[PDB]
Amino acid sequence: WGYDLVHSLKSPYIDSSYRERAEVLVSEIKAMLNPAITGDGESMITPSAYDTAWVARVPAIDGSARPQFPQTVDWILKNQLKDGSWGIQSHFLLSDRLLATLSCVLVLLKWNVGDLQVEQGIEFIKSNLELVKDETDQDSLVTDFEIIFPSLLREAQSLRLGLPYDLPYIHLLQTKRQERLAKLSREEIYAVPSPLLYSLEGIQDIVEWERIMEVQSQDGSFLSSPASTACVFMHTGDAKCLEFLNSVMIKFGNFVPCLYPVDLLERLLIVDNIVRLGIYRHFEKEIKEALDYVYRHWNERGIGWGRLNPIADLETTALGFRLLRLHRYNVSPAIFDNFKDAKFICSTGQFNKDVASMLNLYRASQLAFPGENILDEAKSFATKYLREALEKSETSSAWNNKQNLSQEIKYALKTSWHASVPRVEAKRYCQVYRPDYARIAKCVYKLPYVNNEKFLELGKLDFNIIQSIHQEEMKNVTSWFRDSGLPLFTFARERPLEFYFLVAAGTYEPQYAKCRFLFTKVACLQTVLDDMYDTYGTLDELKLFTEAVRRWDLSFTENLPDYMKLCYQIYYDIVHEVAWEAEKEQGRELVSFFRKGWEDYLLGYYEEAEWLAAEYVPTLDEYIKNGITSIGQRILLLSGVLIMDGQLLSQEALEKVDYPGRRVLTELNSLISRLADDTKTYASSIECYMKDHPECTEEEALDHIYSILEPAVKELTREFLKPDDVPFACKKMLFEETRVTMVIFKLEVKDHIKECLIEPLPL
């Protein structure tokens, strides 16, 4: 590192024009999202050729021999792909094409039209069916393919279409249909809404249409599926079914999607992606509007992808729980009881949906507050589920490989939400986010409001702008450092950038330059004080230094060794500079408060020094007591949090996050830092406990230190997210410093500096 490999950086994105471009992107994104969150253009989703064909089957309600929705037939006739299939051209999935194409072929035949589209579709189905040698070739399956396709193929067979009904793969599908059906409770279908309502068109022989209405959605759909609803309508003539088909046609014009609406899931996927790309600070108003709406529909029974689903959806529910809690809404994890039996279920529907559900459960579980056992249990289950998912052949299908599913899953399992570097996570996500991401349900589909070029464009640009601003700040940091006198203390390693990284990688916003700078000065001072108290420097010297600390008198340093006279002078300057800035920002007297903090820190350290000089091993209690004040995280954290531009902290408000002796944010951070440090390194908490408990072994002692950490981490999360009248930026600054610390204590300190501060994203 050093002055050199820093003043050599040429921050290209520092120019005001880049930030101005970012603001145009922000404004375009707001305009793009408006219909989805405040307008009526919600649920923007691509066509389903398959569902459109089912809707096209509905005969005119006036009894004439034509479709009730002739525009759907027109759509079908006009949207066949070059290869004779129907579907999304950008993404080829066999089961999707197969299903949609046969669906379209059969409806064209019904109305005796599109004779040429029909012979091209048949050719495609027959051609592609013969490329499948075994199962490992079938690729990822759209929802309920094994059930629907054989029965569609039986329909074709009665019409005597030139399809290869005898292929082994076909027989295997019937076998798989028979095995899913065997385990189906038929009586339950009519009483309790289930996932099979999404595909009634595939089990027409089984369903008693006269009893199926008790489980119809309030909007008249069957589990939000147009195909499935169309089918029920053709058997029952039920008016609410028709109203639902009408509302979807009115909305889309001449086609239908495979799910409607998707108002809850879509809103949550937009927020999720904005948050993960690191660009959330530009969209506070939109995120609130999105989540407020989700919250309105949040209920004890969970939520589906749409607000009128008669059953909850784990994917949407787990995603909603996490985002809502993350944004300080009051949500209870008892919500996850809805997905239990007797323990959890899942692993029932189509693969990608199941994996997505467990990924979201895994992530949601990490946001646990104290005493939320159900979340510890959810984590356990999701982990096992996902570990097992990697061992499955489906995970390596051509489709999932194209999207790097296994990578995503592995990354999720090795990634702790608490032990994460926020700037680094955003940078990585900018590298994984796909503007043209395709999802799977009854057919392949996209949500353009969630996955688009603009998100990524802003994601990359905003990241680079922020980073270049930090590069300039690092120039000031290293210039200050070298004229500060601190490099003269050769018994201590120079780490100015490592400390800058610690605050900047979480508290990155441009307005908090001063907070980052002062935090960095204080951490630089501290590393020298640390090495002085525990390594360099005798007890008698330290007793003198500690006395001068009590005596805030520069003139008193005459009694100190030379190296200490200088140390005191630099220390005294830094303390009062921080204090002056804090008084400036806060409008209150704070020099007394800071002096009190520094003396507790350094008196705590002298005590540790005495213990060492005496080969004294404290009890665990007195070690903890001493260690959380002696580690000096508290005075370091105050040196940043009290100088955040525009963030006002009265004494009362400050006491809610900083109060020695209480389990508030600064105390928990101190505690977590001390103990996470001992557990990484291993005069420690381990050895203290083993003195306290002569019979206990080492691994017992360690496990006990973890038994102290895990609850502390949960308390930290609650204190952070808790609604209160403390400026959230302050609370977030304390929390993020803890998270970056937790990353540090789980040669790569430098690798993180490179990724985060040095190298830009390619544009």
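Take the two forms, find the largest set of C-alpha atoms that superpose within 1.5 Å, and that set is the rigid core. Residue positions are given as counts along the sequence shown, with the first one as 1.
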field: Higher-deviation segment by CA RMS in 5 other deposited structures of this protein, core fitted, 428-436 or 177-185
entry: 177-185
query: Relative to the other PDB entries of this protein in the set, is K343 coordinate-less in at least a third?
result: yes
query: As recorded in the PDB entry, how many deposited residues are without coordinates between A342 and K343: none, 1 to 3, 4 to 9, or 10 or more?
result: 1 to 3
statement: In the entry, residues of the deposited sequence missing between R19 and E20 amount to none
query: Which is higher on average in the deposited entry, the C-alpha temperature factors of 691-699 or of 31-39?
result: 691-699
- prompt: Mean C-alpha B-factor higher for 40-48, or for 54-62?
  reply: 40-48
query: Whose C-alpha has the highest temperature factor in the PDB entry: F252, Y165, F519, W75?
result: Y165
query: Which one, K625, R177, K460, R328, has the peak C-alpha temperature factor per the PDB entry?
result: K625
query: In terms of the CA temperature factor given in the entry, to which third of its chain does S707 belong: lowest, middle or highest?
result: highest
B-factor third for the C-alpha atom of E715 within its chain: middle
message: Please place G278 in the lowest, middle or highest third of its chain according to the CA B-factor in the PDB entry.
response: lowest
- line: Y508: C-alpha B-factor third of its chain, per the entry, is the lowest
task: Would you mind ranking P195 by its C-alpha B-factor against the rest of the chain and naming the third, lowest, middle or highest?
output: lowest
